[PDB]
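Report on the following structure.
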Amino acid sequence: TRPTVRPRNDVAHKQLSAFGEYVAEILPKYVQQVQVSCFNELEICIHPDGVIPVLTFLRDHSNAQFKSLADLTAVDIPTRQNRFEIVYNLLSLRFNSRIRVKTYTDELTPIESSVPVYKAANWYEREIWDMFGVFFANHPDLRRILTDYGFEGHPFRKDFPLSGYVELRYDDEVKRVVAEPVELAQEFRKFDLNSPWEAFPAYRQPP
Amino acid sequence: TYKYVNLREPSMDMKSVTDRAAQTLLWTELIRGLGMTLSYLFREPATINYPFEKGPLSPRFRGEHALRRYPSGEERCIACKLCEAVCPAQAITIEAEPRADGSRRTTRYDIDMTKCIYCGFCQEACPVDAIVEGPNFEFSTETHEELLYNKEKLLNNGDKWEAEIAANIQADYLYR
Amino acid sequence: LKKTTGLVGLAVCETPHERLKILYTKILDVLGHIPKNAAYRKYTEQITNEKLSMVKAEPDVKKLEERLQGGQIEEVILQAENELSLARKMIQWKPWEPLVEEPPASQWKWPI
Amino acid sequence: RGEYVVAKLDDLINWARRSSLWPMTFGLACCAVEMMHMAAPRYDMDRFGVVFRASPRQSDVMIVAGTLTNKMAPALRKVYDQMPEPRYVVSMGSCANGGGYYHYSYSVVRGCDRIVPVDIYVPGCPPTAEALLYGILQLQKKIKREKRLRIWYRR
Amino acid sequence: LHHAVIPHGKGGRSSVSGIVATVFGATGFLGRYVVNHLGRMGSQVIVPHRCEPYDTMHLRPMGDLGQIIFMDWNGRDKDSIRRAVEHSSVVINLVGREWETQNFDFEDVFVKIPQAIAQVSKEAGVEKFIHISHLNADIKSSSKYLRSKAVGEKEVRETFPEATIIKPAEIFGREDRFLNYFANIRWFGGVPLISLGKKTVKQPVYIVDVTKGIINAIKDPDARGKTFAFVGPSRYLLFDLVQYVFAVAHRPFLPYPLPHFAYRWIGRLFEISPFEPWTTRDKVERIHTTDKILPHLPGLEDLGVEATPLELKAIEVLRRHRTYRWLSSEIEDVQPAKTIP
Amino acid sequence: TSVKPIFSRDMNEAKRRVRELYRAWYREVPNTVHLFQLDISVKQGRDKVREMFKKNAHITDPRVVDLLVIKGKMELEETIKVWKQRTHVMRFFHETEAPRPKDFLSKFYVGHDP
Amino acid sequence: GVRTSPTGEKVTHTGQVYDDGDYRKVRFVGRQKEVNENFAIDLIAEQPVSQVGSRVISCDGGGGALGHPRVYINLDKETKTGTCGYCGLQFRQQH
Amino acid sequence: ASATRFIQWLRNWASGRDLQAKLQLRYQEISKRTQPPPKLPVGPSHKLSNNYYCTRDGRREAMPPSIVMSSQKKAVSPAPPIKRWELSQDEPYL
Ligand SMILES: CCCCCCCCCCCCCCCCCC(=O)OC[C@H](COP(=O)([O-])OCC[N+](C)(C)C)OC(=O)CCCCCCCCCCCCCCCCC
Ligand SMILES: CCCCCCCCCCCCCCCCCC(=O)OC[C@H](COP(=O)(O)OCCN)OC(=O)CCCCCCCCCCCCCCCCC
Ligand SMILES: NC(=O)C1=CN([C@@H]2O[C@H](COP(=O)(O)OP(=O)(O)OC[C@H]3O[C@@H](n4cnc5c(N)ncnc54)[C@H](OP(=O)(O)O)[C@@H]3O)[C@@H](O)[C@H]2O)C=CC1
Ligand code: SF4
Ligand code: SF4
Ligand code: SF4
Ligand SMILES: [Zn+2]
């Protein structure tokens, strides 16, 4: 028990690994990878076709009972041909456990809406559509939720600029708020922070 | 452990039933609520007499910024740009060059007070106690441009407020 | 008999033992149409039979609830209904089949 | 003397307007919490004659208390236009002053003074309740300096 | 060019247009559009004002930080003029009043004041000078407003020979005293027109056209020393124009002829107001003056501005004059007035 | 080259969705002008709608067309339910933006942008 | 010290001053140019050189942990004084 | 604190509480606004020996996730079923 180091909980790591292969055995048609991190979080990586079967099984199966959808988000990784990773974080009150289910998609491929499984997913999918442009099929009411009316683009994409492309002001001549190309009195100052020396050998990639 | 906030069964003895009938008809629990506001009427109010009286503050208060000096009068800032690097708002802008005597000193030191979030990271980062957030919070202005501080304004703030700032730093520097 | 389950909208069940026997027996029947070697069938039959054993051998509701470790007996009935609904859905999905498709080369590599 | 009369009449209307400032019940984000603390007993803005009223038709001041986003900008301009005159705008906090922590966001207006004219800028993130009160008293002293009738007389 | 006035950016709010302009009369109808257009492109604007600072607040959003600078000035004080112009590259004079007051008469505002601004500007090295005159300015005019426009126009050219002088017809726009003037007559029942508006022809010009013409004059080296006439694209009989105004506003139109002498007496009645008179004798005269035809002067087309027809913009001005019943009627619901060919 | 469709299985099916959207926008313009009390005419509004459809005339990918139609439907819904305000409707007309001439010389005089 | 240009505009301790014909000086008309009058380059020069008896001296700026990081200054050259790079105090080794 | 006796009685009666024992206005029970200086303790890594950083470096013990299954016997649950909560013995019913 070194005072400044986070302790290891090996019992949880074993328990989550066992359940990890339990899910892989039952849904082999969809599960592509199962992993448990060093802080005991289980992630299930699935083919996108299995969003409804996998989520339904985790919610309904008597040995899972993941009744609460804590969070549903997306991550943009431009270097992948399927740049968007969709992440479901689920909570099981019966077994006091959490699980993460991950799938993928690209700009033109729809993902099945999981509202039929979790009613919570309604607004989360609208946010993903709004901020990333991922289309969810059979969504009851898919439209922007966070961005301005008529806003063009998907801001949370890595290649969308931080300050966007247009800004607003009030114009006295037309007596209304107008949108115009963005000019900054002070350009945002890009900082190059990364040290040129490797920090974590444990994560080194092969050359 | 848990407790129930609202899981109780009213008793049905004639006295309890009448007690509730009197409550319903004579408004006894509404009259009771009037008693509470009446008691407050006769309590001394909590209002202070601003601006003749001021709300209490502590030495750690984060207010208007100021650039400080050494006892000799030389500037403490040596243009290291740590405050500029850490500023979460990118509110600080700095340029520097060798001074005519060779010293490492700034030629620009701006704080956009409309960008700043008054977080105090800059004074944590400063290695020489040059940039501080002083105790002044009464410096609202009539124009936006008046809140774009340059080095002259910030140095004047330090000269204006140094008597208080030094005492505030004296009280708290042993927690830092 | 319970006056309340404590969970809003969950009505108290008058005959929980018989209701559980109906549901578990229905769950087992539905699993019969799943392939024998499908892991969903083998695991769900195993855990479904354990609950059916415990319902048969325990007549007291409170003592049965302690054995099942599923909360109120009405919570356990709801879970049985949920499992039955999943078993029917599994028949159309057939997730015991081999993986539909491998991901691209570095789909899950992190950090990039 | 005409000048003496309009000078005294300016004092009366200036006194009446600053003594009876009704902000619109308008708050946007964190800064509205400190605005709530100005109404709370310690500062009791009501004791200066400062009373919140929901309707813009019955408001004299707009305290922009928080971030103004692009989606919100047309609404803020709308309720400002719907205030009868004379009307004043107090910009509260870095977000309203110039964008603050979100200055570089694609969805934020870099200062509410791009949308409405601003009489007083209250700095801070958030300004303390006392700092906002200092800003309101500063607005009062600005109104006290107005010379509408004096200028009208010399037109 | 001094390095601080070399244009930079892409012509937006935060750009540098290189124009440093002192705009006199920026707090009026025309000034708010001129200051808006200068601030749009990142010009430095000095707004010397006589009015209460409250009445300049609408100007403040028009420029990036530091780009609108307000100064106090007095039309009789030449030092106050000098301080407002000695850093500028162009001076724009929009000072004017449609009525005389106890303190300033038409001679003061249209001769003495414009001449002083031009004289001080010349002494200060100001390079460009734009002066707004009037299309119908004439020394032989029954309107003292137009007579003074003629005198001051000659004085400006003599004091500042390189000045650009702009002579617009009546200007229509949201805050005008033209379309709004006719629309407000409804409060007195019928509309009195001298000779039933059949003996007058007007050629009104859109406010934004005048503004764009002023802005292009600053940037055009050929505009120096010239005199322009800013006129709209079509001429109308006064009766037709006023009938069209009431049609767009969906107000009942009852025109009756009023003799010239009776209208003057009415004008004198409204002049007794110590505030802004609703109408004056001089206003009646100008509204009934036919708009001159000056083919020898360059126009808006010579500055790259295509004049906006009144038919496209009347509703923008006159919608607020309708009742609830007619607020939502569209632009195509009213037929254009007969345009003189 | 085998991909999951969004709606249309081919460009022939996609073009049908485009035409239906064009009809919906064409019918709505008279309502938009009246409800929002715009000072443009129905002809200007319909010309603008035509301009927006024309800029995407070169698409040959059915999935891209399907996404353009989905966004077109969303934009139409925002307009019909008056979620958009007048400022949002008028943003299509860029009324406050000055022309940027496209000839080489005009760009050359004003700056370094190509 | 704080000089004035021929136009009368004060020159700052950074040497800034608008040249004649710079329109930007209009921003000061009717107002003022904020200039700090205490020039640190002048103030530090007023400090006396400290004589020490050792080849190396340390400076922390004074006030312990309220000064600057502690540095050590070499005093082997007699052609000049050692100067603290943080605060500008000068030191000399005597004989 | 400065209320007269009768006024204290009146507001005590109206509210049904003894309001003088727990006044909401602070008087002299609060700390002095000037305090003696602190002398704060140091941490467990403040040592001159037996203190090599490589033996107390939490970041360098973090590891990439364990791959349980990749695409390159009794049923289990993610954890044991949660134990039922017990009623409070402090005050089970409000
Ligand atoms: C219970 C009832 C309570 C009633 C309270 C009554 C208020 C008592 C205090 C009166 C103070 C004097 C009035 C001044 C306020 C005028 C409003 C104002 O600020 O205008 C600024 C204006 C400023 O105008 P300006 O010319 O400087 O500029 C405005 C134009 N632009 C926008 C271009 C800049 O002042 C005036 O126009 C005239 C001021 C005259 C002051 C004398 C008022 C005479 C009253 C007669 C009016 C005629 C109608 C009759 C009404 C009934 C008469 C009683
Ligand atoms: C000899 C034979 C004699 C025969 C005649 C005998 C007649 C006397 C006996 C009859 C009963 C006497 C009381 C009648 C008074 C009216 C009672 C009443 O109406 O109260 C009931 C009312 C409803 O209460 P609620 O619980 O919401 O609903 C009941 C269930 N449905 O509750 C309410 O009204 C709630 C009111 C809410 C608003 C209250 C706000 C003010 C409260 C403070 C007022 C204090 C009263 C001061 C009166 C001043 C008078 C000048
Ligand atoms: N139809 C039209 O509008 C036409 C207008 N013009 C000319 O265009 C110019 C401006 O038009 P417009 O803007 O409509 O006129 P406005 O009356 O709308 O604005 C007049 C401006 O002049 C200022 N001003 C007036 N008198 C004085 C004075 N005595 N001392 C100082 N400043 C004064 C006013 O300032 P304050 O606000 O302080 O009074 C105001 O800013 C005028 O010269 C006008 O004659 C030419 C042809 C047609
Ligand atoms: S207080 Fe925070 S936001 Fe403000 S200048 Fe310092 S580091 Fe930047
Ligand atoms: S951190 Fe301190 S010494 Fe470094 S640049 Fe900022 S103010 Fe100057
Ligand atoms: S200025 Fe600061 S406190 Fe105010 S709304 Fe913005 S982030 Fe919140
Ligand atoms: Zn030192």
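Residue numbers (UniProt numbering), protein chains in the order written: chain G, 45 to 251; chain E, 37 to 212; chain A, 5 to 116; chain Z, 62 to 216; chain W, 36 to 376; chain L, 15 to 128; chain P, 29 to 123; chain Y, 2 to 73, 92 to 113. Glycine is no exception: its CB is placed at the ideal position from the N, C-alpha and C atoms.
Under the DSSP definition of a beta bridge, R140 (chain E) partners with E:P134. Separation of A73 (chain P) and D105 (chain Z) (C-alpha to C-alpha, rounded to the nearest whole angstrom) is 53 Å.
Cβ-Cβ distances below 6 Å link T235 (chain W) to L273, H323 and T325 in the same chain, with the five nearest sequence neighbours on each side left out; the list follows chain order. Taking the Cβ of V164 (chain E) as the reference point, at least one heavy atom of ligand 5 falls within a distance shorter than 7 Å. Checking the 7 Å criterion, the Cβ of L70 (chain E) is within range of a heavy atom belonging to ligand 2.
Counting the other CB atoms within 10 Å of its CB gives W112 (chain A) a total of 16 or more, which places it among the buried residues.
With a threshold of 8 Å between beta carbons, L70 (chain E) makes no contact with chain P. For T64 (chain E), the CB contacts under 7 Å within the same chain, skipping 5 residues up- and downstream, are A58 in chain order.
C-alpha of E106 (chain A) to C-alpha of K30 (chain A): approximately 36 Å in a straight line.
Burial state of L289 (chain W) is exposed, judged by a 10 Å Cβ sphere holding fewer than 16 other Cβ atoms.
Distance from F263 (chain W) to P333 (chain W) at the Cβ level is roughly 5 Å; contact confirmed, criterion being Cβ atoms closer than 8 Å. For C87 (chain P), the three-state secondary structure derived from DSSP is strand. Separation of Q50 (chain A) and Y112 (chain Y) (C-alpha to C-alpha, rounded to the nearest whole angstrom) is 41 Å.
Residues of the same chain with a CB within less than 8 Å of the CB of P294 (chain W), apart from the 5 flanking positions on each side, are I229 in chain order.
Ordered by chain, the residues meeting the criterion of a beta-carbon within less than 6 Å of a non-hydrogen atom of ligand 1 are Z:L70, Z:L73, Z:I74, Z:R209, Z:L210, Z:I212, Z:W213, Z:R216, W:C86, W:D90 and W:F310.
Inclusion of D174 (chain G) and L190 (chain G) in the CB contact set at 8 Å is warranted, their separation being smaller than that value.
The criterion of a C-beta distance shorter than 8 Å is satisfied by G194 (chain G) and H102 (chain L).
Residue state for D49 (chain E) is assigned as coil, using DSSP reduced to three classes. In the structure shown, the three-state DSSP call for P97 (chain G) is helix. Nearest neighbour of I101 (chain Y) by Cα position, chosen from G:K73, G:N107, G:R138 and G:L71, turns out to be G:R138.
In terms of beta-carbon proximity, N41 (chain A) stays away from the interface with chain G, with every pair separated by 8 Å or more. If only uninterrupted beta strand (DSSP E) runs of at least 3 residues are considered, those enclosed by the region 45 to 113 of chain G are 75 to 80 and 86 to 90.
Those residues of the region 221 to 247 of chain G placed with their C-beta closer than 7 Å to a C-beta in chain W are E224, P225, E227, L228 and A229, ordered along the chain.
The nearest non-hydrogen atom of ligand 6 is 7 Å or more from the C-beta of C155 (chain E). Taking 8 Å as the cut-off, the Cβ atoms of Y279 (chain W) and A198 (chain W) do not count as close. Boundaries of the beta strand (DSSP E) harbouring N102 (chain P): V99 to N102, taken from the DSSP string. Considering only A:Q96, A:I77, A:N86 and A:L68, the residue with the shortest C-alpha distance to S106 (chain G) is A:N86. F141 (chain W) sits in a helix when the DSSP states are folded into three classes. For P84 (chain Z), the three-state secondary structure derived from DSSP is strand. DSSP places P268 (chain W) in the coil class of the three-state scheme, outside both helix and strand. Contact note: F101 (chain G) reaches chain A through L90, using a C-beta cutoff of 7 Å and chain order.
Looking at Z:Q201, Z:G185, Z:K202 and Z:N75, the one whose alpha-carbon comes closest to that of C92 (chain Z) is Z:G185. In the DSSP annotation of this structure, the continuous segment of the beta strand (DSSP E) that includes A126 (chain Z) starts and ends at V122 to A126. Just measuring C-alpha positions, the residue of W:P312, W:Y291 and W:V283 sitting nearest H356 (chain W) is W:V283.
When the beta-carbon positions are compared, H37 (chain W) and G49 (chain P) come within less than 8 Å of each other. Between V146 (chain W) and the set W:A61, W:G160, W:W134 and W:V130, the nearest pair of CA atoms involves W:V130.
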